[PDB]
Amino acid sequence: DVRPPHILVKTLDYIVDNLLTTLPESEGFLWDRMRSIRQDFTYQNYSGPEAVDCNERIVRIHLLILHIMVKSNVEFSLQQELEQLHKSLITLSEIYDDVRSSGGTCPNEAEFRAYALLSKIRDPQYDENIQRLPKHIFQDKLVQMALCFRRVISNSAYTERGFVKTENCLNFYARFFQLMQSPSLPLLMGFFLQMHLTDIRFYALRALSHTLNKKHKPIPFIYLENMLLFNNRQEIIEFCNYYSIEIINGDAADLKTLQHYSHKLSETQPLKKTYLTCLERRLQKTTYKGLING
Amino acid sequence: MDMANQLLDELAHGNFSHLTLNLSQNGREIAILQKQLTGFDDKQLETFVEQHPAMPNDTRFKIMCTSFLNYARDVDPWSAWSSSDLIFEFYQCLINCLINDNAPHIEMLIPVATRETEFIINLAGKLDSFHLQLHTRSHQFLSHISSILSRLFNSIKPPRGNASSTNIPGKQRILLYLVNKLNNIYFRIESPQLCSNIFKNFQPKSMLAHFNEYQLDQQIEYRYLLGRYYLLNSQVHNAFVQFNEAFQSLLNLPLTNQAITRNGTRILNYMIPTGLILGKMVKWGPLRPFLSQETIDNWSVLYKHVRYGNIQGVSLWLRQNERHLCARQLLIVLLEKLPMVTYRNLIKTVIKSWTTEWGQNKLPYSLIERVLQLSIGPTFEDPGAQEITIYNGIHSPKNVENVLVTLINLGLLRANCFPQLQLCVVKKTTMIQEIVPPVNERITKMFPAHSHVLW
Amino acid sequence: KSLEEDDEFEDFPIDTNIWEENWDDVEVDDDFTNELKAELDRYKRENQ
């Protein structure tokens, strides 16, 4: 009833080779079946090389799905995708711990420690865990990149039920959008970071609004679009309309009218996930299978 | 003379003088007991405990005695691993004799339990270091000990609101002791978040009306571990009051031992960076006996860089000190939270001469961009460092308005921003503290910590 | 060696103002502060 490790590898190979490009239409099929592969690994209590390889490439497929579903207008809500991606990252982390305890090594560990650092980008638990790993994992360029993103995303004014604000956070939104455009940024990591575009933009406009005097003119949409890297004007107009930011002159945002202090409005659903044009352009220049194979 | 019968008399009457796993204190008696107990099977030892006169009619107590007889019979002093099953089994039985508040000889068993707890913690570390050769997972022994001490901790109940006596039951006497032992275990196994429950249920279980009524050393260690926990969750003020009160309480202790000086050093290793994040700098006078001159020089270099607004200085200091800062979980929080203080002092020195001395009320973004060109120095975009680093990827002199906006939002700079004018307006005044208030007061007012005196 | 370097407190048999009042007022001329003041003078001079 259950697949041994080598045919789980054969099955994931089948998926990477045949069904990646059926996305976005095959998103539910692929997510369910990949989850079935991981479940077959748990059925046999197997944390061997096949489980590592499968969970790794499955994580990458989740990261690709995050961008594909959002570029199109198919699904909107990526709750299950982020949940199974996170659980797969937890599995990979535990297996990395057991392999290190046994004296072995995993060549792709650093990459998925970075992804793990991006799964819960405001949870200090993952900083705690990343600080006790070996120096070659910690100083790896991917882990360094994820750490930089965790620093620039930190915000002392981040508001959400159950989240304790921490001191002296950076809220470096400008640096965030500078790093998102970096050609050295791995594409799948970017796909993971696109999940926080709306939050980072909201707290950027909030923090900026607190610095403007009462009679300050509305901020033009050009400045906010270059500052927050909006794909087009319709996106910043829908953004202001979502957070009830008054649009004056059809091209300016009156930031003092922003009455919300939390990115998550109490009653309405979150604004649909968005993407960056640079990362989509980078996706059209490579292949899905290439990204999934590292 | 039958030494097993004798030991069973002593244990049956609460005399636990020879009830210990430490062979450095029990070696000869345990050897005699081992020679006399050879021959008898497990059921015969169990019968020896069951039918012994004056033996308390407690199943867990008799299980403890029988487990100690099995230990004494089968112990191999030449092999700590071969004897580990007997040792840990007996330890678990001994702690099991403490779960019931009215267990037989509970008050006499508590000191035995603390003693054996220290012993079994040392042995658990020793055996955990050989986890690869023993085919065990990392920290398995010590984690088992943590589970045992956790059940013991859960068994300790709060005082009855209308208690009939002032008796401090021995389970309450070792409450803070058990808290610090368990939390220390959680730190050594590198899972310190498990301290959460232990920190949440400590005060509700305590019968003492004031936290200062415990032994002051246990208070110091508790504030040390709680501050380290808070700092693990990036709660800098909450950690700071704990480190500060810990070091003060340590200053009150008479300097009997060198280990007290090293403990004070352990406190300072966290209190200095935590304070520096909150805009506080120590006076090295009362810290001379606890810190070497080189450590003082290091933190003094960082003190200069933060004091005069040198971001590149701060990042260089963190880069050179990266390893030991990561070992003490200090690199990330400093890398994240020192910059805003350093910026605050930078624009402090800028606004001082520009506004209070030169009488210019306006701060053009170009001026602050040149100042940031001097302070930040090189960035990821700049040539000569083509790979991104936590020390060159975060701070850029192009983001003038962002730095100003975070300074104003943190309450460190009282000013208005004009993005379309590209300038920052402060209040026309000669007093610099009206524009840039004291940083520690602002931070502590925005982030009020919990009561430094717990209760 | 490990007992003295580890962060866990050592066991010992059981038996004040230490902070700067204000380091903003006590100003000392720093090297970096000298180059920053010179940069303020040069900027003040190029933007007359």
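Per the PDB record, the structure was determined using cryo-EM to 5.30 Å resolution.

For chain A, the count of helices and strands is 15 helices and three strands. Dimensions of chain A along its principal axes, counting C-alpha atoms only, are 70 × 40 × 35 Å. By the burial criterion, 57% of the 294 residues in chain A qualify as buried. Taking contacts inside chain A between residues at least 6 apart in sequence as the whole, the part at least 24 apart equals 70%. Carbon and sulfur atoms make up 50% of the accessible area of chain A, which amounts to about 12,700 Å² in all. Here chain A contributes 35 positively and 33 negatively charged side chains, and the mean placements of these two sets differ by 6 Å.

As enumerated under the stated definition, the model contains 42 salt bridges over all chains in all. A salt bridge links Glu 109 of chain A to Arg 100 of chain A, with the shortest nitrogen-to-oxygen separation between them at 2.8 Å. Residue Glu 109 of chain A is classed as buried on the basis of its relative accessible area, which comes to 3%. Connected through salt bridges with shared partners, the residues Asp 127, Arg 150 and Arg 151 of chain A together with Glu 336 and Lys 337 of chain B form a single ionic network.

Bringing the interface of chain B and chain C into the picture now. Each partner contributes to the interface: chain B provides 59 residues, whereas chain C provides 36 residues. Applying the counting rule to chain B against chain C returns 10 salt bridges. Residues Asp 6 of chain C and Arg 188 of chain B are paired through a salt bridge, measuring 2.9 Å at the closest nitrogen-oxygen approach. For the pair chain B and chain C, the interface holds 28 residue pairs in polar contact. Among the elements of the structure, α10 (175–188), α13 (216–232), α14 (236–252), α15 (258–277), α16 (293–307), α19 (331–357) and α20 (365–376) of chain B are those that each provide at least two residues to the side of chain B that touches chain C. Across the side of chain B that touches chain C, the residue classes break down as 27 nonpolar, 16 polar and 16 charged.

The pairing of strands in a sheet happens through backbone hydrogen bonds and is either parallel or antiparallel. All names here are of chain A. Read across the open sheet, the three strands follow the order β1-β3-β2; overall the sheet is antiparallel. Strands with a single pairing partner mark the edges of an open sheet, and in this sheet they are β1 (219–220) and β2 (247–248). When β2 meets strand β3 (residues 252–253), the two strands line up antiparallel, connected through two bridges. Each residue of the ladder has a partner; that of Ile 247, found in β3, is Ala 253.

Attention now moves to the environment of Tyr 126 of chain A. Relative to the assigned elements, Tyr 126 of chain A resides in helix α6 (residues 124–131). C-alpha separation for the pair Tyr 126 of chain A and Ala 116 of chain A, spaced 10 residues apart in sequence, amounts to 7.5 Å.

Here the focus is α20 of chain B. Between its first and last C-alpha, α20 of chain B extends 15 Å over 12 residues, near the 16 Å set by a 1.5 Å rise per residue. Directly beyond the C-terminal end of α20 of chain B, a positive phi value near 80 degrees is found at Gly 377 of chain B.

Let's shift gears to the UniProt feature "domain: PCI" in chain B. Per the UniProt record, the feature "domain: PCI" sits at residues 220–431 of chain B. Across residues 220–431 of chain B, the secondary structure splits into 61% helix and 5% strand, with the terminal C-alpha atoms separated by 41 Å.

In terms of nonpolar packing, the biggest core is built from 278 residues, with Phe 176 and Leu 193 of chain A together with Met 64, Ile 145, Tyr 343 and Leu 413 of chain B touching the most fellow members. With 14 residues, α19 of chain B is the single largest residue contributor to this core. Setting aside residues no more than four positions away along its own chain, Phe 176 of chain A makes contact with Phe 149, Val 152, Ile 153, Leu 193, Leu 197 and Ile 200 of chain A.

All right, on to the side chain of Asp 128 of chain B then. All names here are of chain B. Looking at the secondary structure, you find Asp 128 in helix α6 (residues 106–128). Despite its burial, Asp 128 remains without a salt bridge, the nearest opposite charge being carried by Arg 137 at 8.5 Å. Contact partners of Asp 128, with chain neighbours within four places excluded, come to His 139, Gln 140, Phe 141 and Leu 142.

Once that is clear, we can look at the UniProt feature "domain: PCI" in chain A. With numbering aligned to this structure, UniProt lists the feature "domain: PCI" at residues 80–271 of chain A. Note that residues 80–271 of chain A is 54% helix and 3% strand, and that its end C-alpha atoms are spaced 17 Å apart.

Turning our eyes to something else, we now look at the packing of helix α4 (residues 59–74) of chain B against helix α5 (residues 84–96) of chain B. Axis angle and axis distance: for two packed helices, these are the angle between their axes and the distance between the axes, and together they describe the pair. Residue and element names in this part refer to chain B. Look at α4 against α5: their axes get within 9 Å of each other, and the N-to-C directions meet at 160 degrees. Here α4 is positioned roughly antiparallel relative to α5, judged by the angle of their axes. By crossing handedness, the relation of α4 to α5 is classed as left-handed. Counted together, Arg 60, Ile 63, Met 64, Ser 67, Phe 68, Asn 70, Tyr 71 and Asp 74 of α4 and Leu 86, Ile 87, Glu 89, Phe 90, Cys 93, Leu 94 and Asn 96 of α5 form the full contact between these two elements. Looking at the contact of α4 with α5 residue by residue, the classes come out as nine nonpolar, three polar and three charged.

It is a general feature of regular strands that their side chains alternate between the two faces of the sheet. Residues and elements named next belong to chain B. Alternating residues of strand β3 (residues 423–426) divide into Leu 423 and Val 425 and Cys 424 and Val 426, and every residue in both groups is buried. Two strands pair when backbone bridges link them, and strand β1 (residues 362–364) and β3 are joined in this way by three bridges, in the antiparallel orientation. Within β3, the residue paired with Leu 363 across the bridge is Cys 424. Alignment of strand β2 (residues 415–418) against β3, held across four bridges, turns out to be antiparallel. In the sheet register, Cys 417 faces β3, and the bridge partner there is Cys 424. With antiparallel pairing between neighbouring strands as the criterion, β2 and β3 make up a hairpin whose turn holds four residues, including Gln 422 at a positive phi of roughly 55 degrees.

Checked against the element boundaries, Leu 212 of chain A lands in the loop between α11 (197–209) and β1. Judged by its relative accessible area of 14%, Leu 212 of chain A is buried. Between the alpha carbons of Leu 212 of chain A and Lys 256 of chain A there is a distance of 7.9 Å; along the sequence they are 44 residues apart. Excluding residues that lie within four positions of it along the chain, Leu 212 of chain A makes contacts with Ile 219 and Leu 255 of chain A together with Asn 416, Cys 417 and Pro 419 of chain B.

Residue and element names in this part refer to chain B. If you trace the three strands from one edge of the open sheet to the other, you get β1-β3-β2, paired in antiparallel fashion. Since the sheet does not close on itself, it has two edges, and those belong to β1 and β2, each with one partner. Direction aside, neighbouring strands of the sheet carry axes that sit 25 degrees apart on average.

Okay, α6 of chain A next. Buried within α6 of chain A we find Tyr 126, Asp 127, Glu 128, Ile 130 and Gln 131 of chain A. For α6 of chain A, the N-terminal cap is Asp 123 of chain A; the gap from its side-chain oxygen to the backbone nitrogen of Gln 125 of chain A is 3.0 Å.

What follows concerns unusual backbone geometry. All names here are of chain A. Following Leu 23, the chain continues into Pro 24 via a peptide bond in cis, with omega recorded as 5 degrees. The backbone of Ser 244 shows a phi angle near 55 degrees, a positive value even though the residue is not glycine. Within the fold, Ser 244 resides in the loop between α13 (233–242) and β2. Residue classification places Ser 244 among the partly exposed residues on the basis of a relative accessible area of 43%.

Turning our eyes to something else, we now look at the packing of aromatic side chains. Aromatic ring pairs are defined here through the distance separating the ring centres and the angle between the ring planes. Within the structure shown, the criterion is met by 35 aromatic pairs over all chains. Taking the centre distance of 5.7 Å and the plane angle of 40 degrees together, the rings of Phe 202 of chain B and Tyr 214 of chain B count as tilted. With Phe 202 of chain B in helix α12 (residues 202–205) and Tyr 214 of chain B in the loop between α12 and α13, this residue pair connects regions lying 12 residues apart in the sequence. Neither residue differs from the other here; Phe 202 of chain B and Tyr 214 of chain B are each classed as buried. Plain terms: the ring middles of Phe 211 of chain B and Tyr 222 of chain B are 5.6 Å apart, the flat faces sit at 50 degrees to each other, and that makes the pair tilted. Taken together, the positions of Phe 211 of chain B in the loop between α12 and α13 and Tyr 222 of chain B in helix α13 put the pair 11 residues apart, joining distant regions of the chain. Pair check on accessibility: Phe 211 of chain B and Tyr 222 of chain B agree, each one buried. Within the aromatic cluster, the residues linked to one another by ring pairs are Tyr 158, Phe 163, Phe 202, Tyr 203, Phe 230, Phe 239, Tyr 242 and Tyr 243 of chain A.

Rules behind the numbers
What you see is numbering from 1 along each chain in written sequence order, possibly unlike the entry, with residues lacking coordinates removed. Chain letters and ligand numbers both follow the written order, the letters beginning at A and the numbers at 1. Heavy atoms from the whole structure form the basis of all side-chain values; hydrogens and water molecules are not counted. Strands are runs of DSSP state E lasting at least 2 residues, helices are runs of H or I lasting at least 4, and numbering of each runs from the N terminus. Relative accessible area decides the class of each residue, using a 1.4 Å probe on protein chains only: under 20% of the type maximum gives buried, over 50% gives exposed, and in between gives partly exposed. The contact definition used throughout considers only heavy atoms, calling two residues in contact when any of these lie within 4.5 Å. Surface accessibility in these figures is a Shrake-Rupley result with a 1.4 Å probe; residues are shielded only by whichever protein chains are displayed. Note on charges: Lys and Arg go in the positive column, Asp and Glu in the negative column, and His and the chain ends are not counted at all. Note on charges: their place is set at NZ of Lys, CZ of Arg, CG of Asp or CD of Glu. We define a salt bridge as a side-chain nitrogen of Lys or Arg found within 4 Å of a carboxyl oxygen belonging to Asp or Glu. As used in this structure description, the phrase polar contact means that two N or O atoms lie within 3.5 Å; if the pair is within protein, one of them must be able to donate a hydrogen and the other to accept it, and residues adjacent in sequence are counted only when both atoms belong to side chains. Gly falls in the polar group here, along with every residue not listed as nonpolar (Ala, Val, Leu, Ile, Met, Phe, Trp, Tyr, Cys, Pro) or charged (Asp, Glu, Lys, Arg). When DSSP finds two or more bridges between two strands, those strands count as paired. Each residue after the first adds 1.5 Å to the expected span of a helix. UniProt positions are given in the numbering used here, feature names are shortened, and annotations may be inferred rather than shown by experiment. Joining through side-chain atoms within 4.5 Å is the link that ties buried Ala, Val, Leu, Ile, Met, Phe, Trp, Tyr and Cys residues into a set, and such a set is a nonpolar core. In this analysis, axes come from line fits to C-alpha atoms, helices being fitted only over the stretch in contact, and the angle between any two N-to-C directions falls in the range 0 to 180 degrees. Roughly parallel refers to an angle under 35 degrees, roughly antiparallel to one over 145, roughly perpendicular to one between 65 and 115, and oblique to any angle outside these ranges. Here a crossing is called left-handed whenever its near helix is offset anticlockwise from the far helix by less than a right angle, and right-handed whenever the offset is clockwise. When two rings of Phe, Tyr or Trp (its six-membered ring) have centres within 6.5 Å they constitute a pair, described as stacked for plane angles under 30 degrees, edge-to-face for angles over 60, and tilted for the intermediate range.

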